[PDB]
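This report refers to the structure that appears directly beneath it.
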Amino acid sequence: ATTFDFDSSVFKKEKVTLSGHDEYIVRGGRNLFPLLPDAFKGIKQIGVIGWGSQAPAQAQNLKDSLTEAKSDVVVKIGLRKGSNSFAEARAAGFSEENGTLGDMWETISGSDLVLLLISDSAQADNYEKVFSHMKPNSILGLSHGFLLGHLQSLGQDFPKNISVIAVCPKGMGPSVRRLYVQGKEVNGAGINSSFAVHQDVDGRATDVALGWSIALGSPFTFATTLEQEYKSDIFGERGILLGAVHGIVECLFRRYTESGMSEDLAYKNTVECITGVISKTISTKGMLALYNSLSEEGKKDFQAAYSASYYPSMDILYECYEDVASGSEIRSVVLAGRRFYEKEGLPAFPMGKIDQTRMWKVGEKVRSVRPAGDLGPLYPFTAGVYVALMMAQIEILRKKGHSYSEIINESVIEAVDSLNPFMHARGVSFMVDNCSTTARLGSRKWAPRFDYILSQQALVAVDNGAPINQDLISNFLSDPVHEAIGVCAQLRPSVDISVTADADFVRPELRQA
Amino acid sequence: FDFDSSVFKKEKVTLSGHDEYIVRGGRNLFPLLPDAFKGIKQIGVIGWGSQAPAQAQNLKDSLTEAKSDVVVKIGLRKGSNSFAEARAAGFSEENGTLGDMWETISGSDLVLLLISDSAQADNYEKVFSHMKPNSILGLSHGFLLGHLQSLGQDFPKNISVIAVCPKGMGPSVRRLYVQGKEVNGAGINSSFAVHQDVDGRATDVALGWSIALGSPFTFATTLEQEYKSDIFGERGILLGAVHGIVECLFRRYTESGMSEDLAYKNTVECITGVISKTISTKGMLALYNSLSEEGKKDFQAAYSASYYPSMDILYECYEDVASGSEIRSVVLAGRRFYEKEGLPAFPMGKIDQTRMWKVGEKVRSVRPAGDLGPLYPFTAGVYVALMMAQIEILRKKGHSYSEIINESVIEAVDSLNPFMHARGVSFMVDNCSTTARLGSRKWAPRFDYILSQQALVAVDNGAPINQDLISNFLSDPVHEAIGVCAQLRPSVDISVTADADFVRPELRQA
Ligand SMILES: NC(=O)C1=CN([C@@H]2O[C@H](COP(=O)(O)OP(=O)(O)OC[C@H]3O[C@@H](n4cnc5c(N)ncnc54)[C@H](OP(=O)(O)O)[C@@H]3O)[C@@H](O)[C@H]2O)C=CC1
Ligand SMILES: CC(C)N(O)C(=O)C(=O)O
Ligand SMILES: CC(C)N(O)C(=O)C(=O)O
Ligand SMILES: [Cl-]
Ligand SMILES: [Cl-]
Ligand SMILES: [Mg+2]
Ligand SMILES: [Mg+2]
Ligand SMILES: [Mg+2]
Ligand SMILES: [Mg+2]
Numbered sequence: 212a213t214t215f216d217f218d219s220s221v222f223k224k225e226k227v228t229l230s231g232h233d234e235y236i237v238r239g240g241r242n243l244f245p246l247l248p249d250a251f252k253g254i255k256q257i258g259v260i261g262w263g264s265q266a267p268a269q270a271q272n273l274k275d276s277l278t279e280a281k282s283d284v285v286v287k288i289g290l291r292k293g294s295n296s297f298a299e300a301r302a303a304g305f306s307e308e309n310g311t312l313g314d315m316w317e318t319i320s321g322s323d324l325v326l327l328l329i330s331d332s333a334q335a336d337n338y339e340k341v342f343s344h345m346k347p348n349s350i351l352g353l354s355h356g357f358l359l360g361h362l363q364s365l366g367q368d369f370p371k372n373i374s375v376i377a378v379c380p381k382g383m384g385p386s387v388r389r390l391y392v393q394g395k396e397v398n399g400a401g402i403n404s405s406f407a408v409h410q411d412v413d414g415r416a417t418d419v420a421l422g423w424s425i426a427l428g429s430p431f432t433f434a435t436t437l438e439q440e441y442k443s444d445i446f447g448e449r450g451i452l453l454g455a456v457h458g459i460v461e462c463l464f465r466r467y468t469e470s471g472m473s474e475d476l477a478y479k480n481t482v483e484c485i486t487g488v489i490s491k492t493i494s495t496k497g498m499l500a501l502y503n504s505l506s507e508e509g510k511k512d513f514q515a516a517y518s519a520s521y522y523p524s525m526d527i528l529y530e531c532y533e534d535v536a537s538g539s540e541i542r543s544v545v546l547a548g549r550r551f552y553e554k555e556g557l558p559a560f561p562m563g564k565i566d567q568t569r570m571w572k573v574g575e576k577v578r579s580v581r582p583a584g585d586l587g588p589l590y591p592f593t594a595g596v597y598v599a600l601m602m603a604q605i606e607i608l609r610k611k612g613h614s615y616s617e618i619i620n621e622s623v624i625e626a627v628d629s630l631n632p633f634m635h636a637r638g639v640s641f642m643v644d645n646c647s648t649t650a651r652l653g654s655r656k657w658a659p660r661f662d663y664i665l666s667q668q669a670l671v672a673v674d675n676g677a678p679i680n681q682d683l684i685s686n687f688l689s690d691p692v693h694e695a696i697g698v699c700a701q702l703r704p705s706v707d708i709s710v711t712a713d714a715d716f717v718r719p720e721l722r723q724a
Numbered sequence: 012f013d014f015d016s017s018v019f020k021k022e023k024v025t026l027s028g029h030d031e032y033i034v035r036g037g038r039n040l041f042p043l044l045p046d047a048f049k050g051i052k053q054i055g056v057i058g059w060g061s062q063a064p065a066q067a068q069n070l071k072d073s074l075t076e077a078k079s080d081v082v083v084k085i086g087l088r089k090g091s092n093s094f095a096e097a098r099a100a101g102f103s104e105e106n107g108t109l110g111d112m113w114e115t116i117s118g119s120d121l122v123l124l125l126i127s128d129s130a131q132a133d134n135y136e137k138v139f140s141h142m143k144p145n146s147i148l149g150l151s152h153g154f155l156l157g158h159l160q161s162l163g164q165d166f167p168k169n170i171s172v173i174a175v176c177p178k179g180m181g182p183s184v185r186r187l188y189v190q191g192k193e194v195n196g197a198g199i200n201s202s203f204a205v206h207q208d209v210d211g212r213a214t215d216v217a218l219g220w221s222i223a224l225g226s227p228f229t230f231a232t233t234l235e236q237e238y239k240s241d242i243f244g245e246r247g248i249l250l251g252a253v254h255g256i257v258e259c260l261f262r263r264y265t266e267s268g269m270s271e272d273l274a275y276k277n278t279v280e281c282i283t284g285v286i287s288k289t290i291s292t293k294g295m296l297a298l299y300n301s302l303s304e305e306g307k308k309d310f311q312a313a314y315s316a317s318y319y320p321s322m323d324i325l326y327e328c329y330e331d332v333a334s335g336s337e338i339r340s341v342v343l344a345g346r347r348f349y350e351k352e353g354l355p356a357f358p359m360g361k362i363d364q365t366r367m368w369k370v371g372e373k374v375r376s377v378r379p380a381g382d383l384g385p386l387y388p389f390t391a392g393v394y395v396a397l398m399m400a401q402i403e404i405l406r407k408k409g410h411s412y413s414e415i416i417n418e419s420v421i422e423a424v425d426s427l428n429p430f431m432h433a434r435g436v437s438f439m440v441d442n443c444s445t446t447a448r449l450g451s452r453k454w455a456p457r458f459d460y461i462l463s464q465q466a467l468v469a470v471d472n473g474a475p476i477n478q479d480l481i482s483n484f485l486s487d488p489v490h491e492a493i494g495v496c497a498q499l500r501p502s503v504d505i506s507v508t509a510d511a512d513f514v515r516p517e518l519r520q521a
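Chains as they are written, first to last, in my numbering: chain A, 212 to 724; chain B, 12 to 521.
Structure (structure tokens):
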């Protein structure tokens, strides 16, 4: 129900106890690559469909791991007719010269495992043609449970003669690739992933899923279901990971500058603080270490911010979660995908830019003269708002029924080890826009909601002398999630992602020199 | 909806070459009410929020003028705090005009379901079970059909189902009616629909109800066309969009060096005063023509940059309403007002305690009587561009001009804006329905962000003026259509002040 066990004939399963909850996990490592041929029995060609954020990263890691394993499995990229991604696929090493790049439908037809890494809205509007091209008894692998939610809305399901699995990286595509490359110097590195076995028609599903995750470089892989994954994931990206952190940062920058703080300092006290010291401390030492590093006066400011921000944050998170679970949000994303093209006598509306406004122009200037190795200030009030929202997200997921491994990755680990480093590197777009179409739409839709509720409720409470809810503070300090976060931290490799503004491993349209 | 009345006169209006049928109002038609209300001895008004207090009083007053013996009875839940309010308005248990909700539904010939839309969604089976065979269920919004559709359901087959939907807030329906008493009437235009009609009394019962409310003109629609345009419009130009624009522009103007006093005047006062007055009786073209040539250039830059980003959000909002996503969101939000699943209750909070609104209180404290605010060209350009973008979305999605003009133009300037001019954004937004209040809160931030990110950035980057867009605004057929509708407007302007006593109990001040 909240935790899910499984069996592997190839890999070693191990137990972790999180807040008294035993959960089974599979640790990663380059030393395990020799086990891939066994995990992939019956597979001659893996067809990677798409070339967005996850496909470029997954395809190269898979190819690199199989090469290290001395495997004969072919990794072939399949693209749609009108794609402009063929050149980038070749630059990454996939080409017609060696039969590793071709048409999307032809690629699906010849594949034993099909990794459907195209936009979620595109999967929603083209699944019938994907099913018609699958080999009977082959395996469809997803990296997000969105398609199940859409089928449920139509009262439909997957074919009956196909296995259906998922390996879902809890981090952005560029980080899955970058950490894997950095891991070549040691025993591997990467992004934690969840896996699911929705349908199994021959008994190979679990090992194929586990092999795929290990080949991606996942430090640890945990079990979930397609439904638990889409509910926590669509929600999480709109929450602490992208939407809420963006709204917090806009709201606080505006407050601080209105109050007399210079623009330079307001940017340092919001974005640099969150993406630097707050993230670094939470990554290796946890939220309690962060709070304990504040001065006595700093603790009072943290308390005022946390106390005022906790419930208004929960209000929006609660709303968002329910919209994801009900089907409302999934339908919204499918319809948004169609509006990217002209129809009904109306114009096309592709997504626009989110970093050309005041605080981001300020950010460019702060970064223009920022020395290398800067960790930012630990501004107490900013830490209070951020940690209050992170704790509110954990509570919502807890009350809605998710496992601790899922809760911790979706609300803590992903923010600090995968996402925040990109915002420290080059601002909000470098973080948000390197994520999926579903996540990019979600961030734009929900960031404004967090901004408004924090300004209208939380900040007004602070300015009207509201009493500090010390029970909330005490609850934070005694919360069982902190011990579980420490247990998960022990499975983290000792390689921190390296990213700068001029990174060439991000989406093509985001490259800058 | 081609209708036919046997009691009332139908008249044709031509809007941009499209003939539409309308029923004009007036207190002179009140004597026809007994005829219209064939088979009605009691009208059960269920609820006491924003629409019920206004409708119940307007109906009672009109029936008294018609010398009618029809009883108007208020139905409320258990130990509702509204009982005292209803009594203050003259409805009481002693004369049988105030009673229990279920008991009132059971004995009524026309049941006006004026409770929150989410409560209708979660309690319709109980309402249906209390309806007498061949009685009439009246709604003032098509939301319930939308919800039933999501469940693959419909209304009972032994009942008539109609709607009379005021295109304006509850307090304005009452206030304008009161102001129209000595001039043959005034009120808020309404749309009407007949979803189910058991015996042929449905059309005249709906038409009578509308005329009794004081509607200057009543136009025909369907329950589905009404919910699609209505849930969308309140999130658009009517509440959500105007709020986002005003927050967005206040921030820009003050960032550019404008004092807070002038930034509030150049945004809120400007839109809710002079802009609304001009559009109300002269139109959008007239507003543009009233600008100096430099003003016209500023208007053009704002309009050219704001039109498409505004349409982007409007297009998204409309499709979420038509698909069912938004209706479901509202039903679930209603449940979160109470504790469940071990989580806290989250009632709606306040939206007017932030910076620009505290500034507004100060601006109003020294505002002279009759002050209509400044006419700031850039502000007019942003506002008018969103108004035109909303008209185009409804046009492309298939709505009638009567429906488009009321939901995108008339309601904003004649019903809503006067309340924001009188006491800020909450006095306007929070006097509307639970559905509209949630909508305004969810969508205002969207308009604020897209305008700051795309439209204003384009202006700062020196984007060329889209000449075709400007040319099309100038020749748009909606302008003449708006002129025709204005001819049907009584020469009465709603009178509202900060201390209005006809607003929701919790919004009344001294
Ligand atoms: N981005 C991330 O880091 C995360 C994403 N995921 C999941 O991974 C999956 C892929 O996401 P992501 O990489 O972000 O991709 P995007 O959401 O960025 O989708 C863009 C890709 O989809 C393709 N596409 C769009 N429309 C069509 C169509 N009609 N037919 C065929 N292909 C189409 C594009 O093709 P083309 O190249 O030709 O233009 C491009 O390859 C999703 O399920 C997502 O939820 C999981 C974890 C994290
Ligand atoms: C924040 C982001 C990388 N995330 O994990 C996603 O699920 C996404 O891009 O859809
Ligand atoms: C803006 C408002 C008064 N409107 O007409 C509505 O439909 C409502 O309150 O639901
Ligand atoms: Cl690389
Ligand atoms: Cl009154
Ligand atoms: Mg995710
Ligand atoms: Mg996602
Ligand atoms: Mg309305
Ligand atoms: Mg409404």
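Don't be surprised by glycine CBs; every beta carbon is placed ideally from N, CA and C.
Review point. With 9 Å set as the bound, which would you pick, yes or no: does the beta-carbon of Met322 of chain B sit closer than that to a beta-carbon of chain A?
Key: It does; some Cβ of chain A falls within 9 Å.
Check your understanding: Which residue's Cα is closest to the Cα of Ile290 of chain B: B:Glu491, B:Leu109 and B:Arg378?
Key -> For the options B:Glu491, B:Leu109 and B:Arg378, the alpha carbon positioned closest to that of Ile290 of chain B is the one of B:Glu491.
Practice item. Mind listing which residues have their beta carbon within less than 7 Å of any non-hydrogen atom of ligand 9? Chain order is fine. Key: Listed by chain position, these are B:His152, B:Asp241, B:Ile242, B:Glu245, B:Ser444, B:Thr446 and B:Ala447.
Review point. In its own chain, which residues sit with a C-beta less than 6 Å from the C-beta of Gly458 of chain A, not counting the 5 before and 5 after it?
Key: Once the five neighbours on either side are set aside, the close Cβ partners of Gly458 of chain A are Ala658, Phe661 and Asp662.
**Study point:** Helix, strand or coil at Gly258 of chain A [DSSP, three-state]
**Key:** Here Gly258 of chain A sits in strand by DSSP.
Review point. Name the chain B residues that come within less than 7 Å of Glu555 of chain A, Cβ to Cβ?
Key: By Cβ distance, chain B contributes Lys407.
**Study point:** Three-pair Cβ contact test at 8 Å for the region 438-458 of chain A versus the region 525-542 of chain A
**Key:** Yes: the two stretches touch, three or more of their Cβ pairs being nearer than 8 Å.
Practice item. Determine, using beta carbons only, whether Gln723 of chain A comes closer than 9 Å to chain B. Key: It does not; no Cβ of chain B falls within 9 Å.
Review point. When DSSP labels each residue in this structure, what does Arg212 of chain B get in the three-state scheme?
Key: Of the three classes helix, strand and coil, the one that applies to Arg212 of chain B here is coil, per DSSP.
Practice item. List the endpoints of the continuous beta strand (DSSP E) containing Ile624 of chain A. Key: For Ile624 of chain A, no beta strand (DSSP E) segment is defined, and its DSSP state is neither H nor E.
Point to revise | Alpha carbon of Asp674 of chain A to alpha carbon of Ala63 of chain B, nearest angstrom | key: So the two alpha carbons sit approximately 37 Å from each other.
Exercise for review: State the DSSP-derived secondary structure class of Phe357 of chain A, mapped to helix, strand or coil.
Suggested key: Of the three classes helix, strand and coil, the one that applies to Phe357 of chain A here is helix, per DSSP.
Practice item. Mind checking the region 556-568 of chain A against chain B and listing, in chain order, the residues whose C-beta falls within less than 8 Å of any C-beta there? Key: Within the region 556-568 of chain A, the qualifying residues are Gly556, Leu557, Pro558, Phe560, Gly563, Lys564, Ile565, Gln567 and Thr568.
**Study point:** Distance CB(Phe687 of chain A)-CB(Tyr391 of chain A) smaller than 9 Å
**Key:** No, these two residues do not count as a Cβ contact at 9 Å.
Review point. Where are the alpha helix (DSSP H) runs, 4 residues long or more, that stay fully inside the region 365-429 of chain B, in chain order?
Key: As far as the region 365-429 of chain B is concerned, its whole alpha helix (DSSP H) runs of at least 4 residues are 366-376, 388-407 and 412-416.
Practice item. Would you list, in chain order, the members of the region 430-459 of chain B that have their beta-carbon closer than 8 Å to a beta-carbon of chain A? Key: Under the 8 Å Cβ criterion, the region 430-459 of chain B contributes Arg452, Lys453, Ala455, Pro456, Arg457 and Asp459.
Point to revise | 3 or more residues per run - each beta strand (DSSP E) lying fully within the region 316-373 of chain A | key: The region 316-373 of chain A contains, as complete beta strand (DSSP E) runs of 3+ residues, the segments 324-327 and 350-353 (chain order).
Exercise for review: Identify each residue in the region 501-529 of chain A for which the Cβ-Cβ distance to at least one residue of chain B is less than 9 Å, and report them in chain order.
Suggested key: Listed by position, the residues of the region 501-529 of chain A near chain B (Cβ gap below 9 Å) are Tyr522, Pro523, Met525, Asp526 and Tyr529.
Practice item. Helix, strand or coil for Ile362 of chain B, going by three-state DSSP, please let me know. Key: In this structure, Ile362 of chain B counts as coil in the three-state DSSP scheme.
Review point. Relative to chain B, which residues along the region 444-467 of chain A have a C-beta separation below 7 Å, given in chain order?
Key: Residues of the region 444-467 of chain A with a C-beta atom less than 7 Å from some C-beta of chain B do not occur.
Practice item. Pick out whichever of A:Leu353, A:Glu308 and A:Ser524 has its Cα sitting closest to the Cα of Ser404 of chain A. Key: Checked all of A:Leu353, A:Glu308 and A:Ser524; the closest Cα to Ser404 of chain A is A:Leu353.
Review point. Helix, strand or coil: which one does DSSP assign to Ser202 of chain B?
Key: Reduced to three states, the DSSP call for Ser202 of chain B is strand.
**Study point:** Bounding residues of the alpha helix (DSSP H) (the contiguous stretch that carries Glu469 of chain A)
**Key:** Where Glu469 of chain A is concerned, the enclosing alpha helix (DSSP H) stretches over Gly454 to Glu469.
Check your understanding: Would the beta-carbon of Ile222 of chain B fall within 9 Å of that of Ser73 of chain B?
Key -> Closer than 9 Å, so yes.
Check your understanding: Whose CA, out of B:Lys307, B:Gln498 and B:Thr25, lies closest to the CA of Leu386 of chain B?
Key -> For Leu386 of chain B, the closest alpha carbon among the candidates B:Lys307, B:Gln498 and B:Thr25 is that of B:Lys307.
Review point. Does DSSP classify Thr228 of chain A as helix, strand or coil?
Key: It is a strand residue.
Check your understanding: Does the Cβ of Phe641 of chain A lie closer than 8 Å to at least one heavy atom of ligand 4?
Key -> It does not: the Cβ of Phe641 of chain A is nowhere closer than 8 Å to a heavy atom of ligand 4.
Review point. Since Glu266 of chain B meets chain A, which of its residues come closer than 8 Å, beta carbon to beta carbon?
Key: Listed by position along chain A, the residues whose Cβ is nearer than 8 Å to that of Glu266 of chain B are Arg569.
Practice item. Give me the Cα-Cα distance between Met345 of chain A and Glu396 of chain A, rounded to the nearest whole angstrom. Key: Approximately 38 Å, taken between the alpha carbons.
Review point. Is there at least one Cβ from chain A nearer than 9 Å to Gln401 of chain B's Cβ?
Key: So no, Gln401 of chain B is outside the interface.
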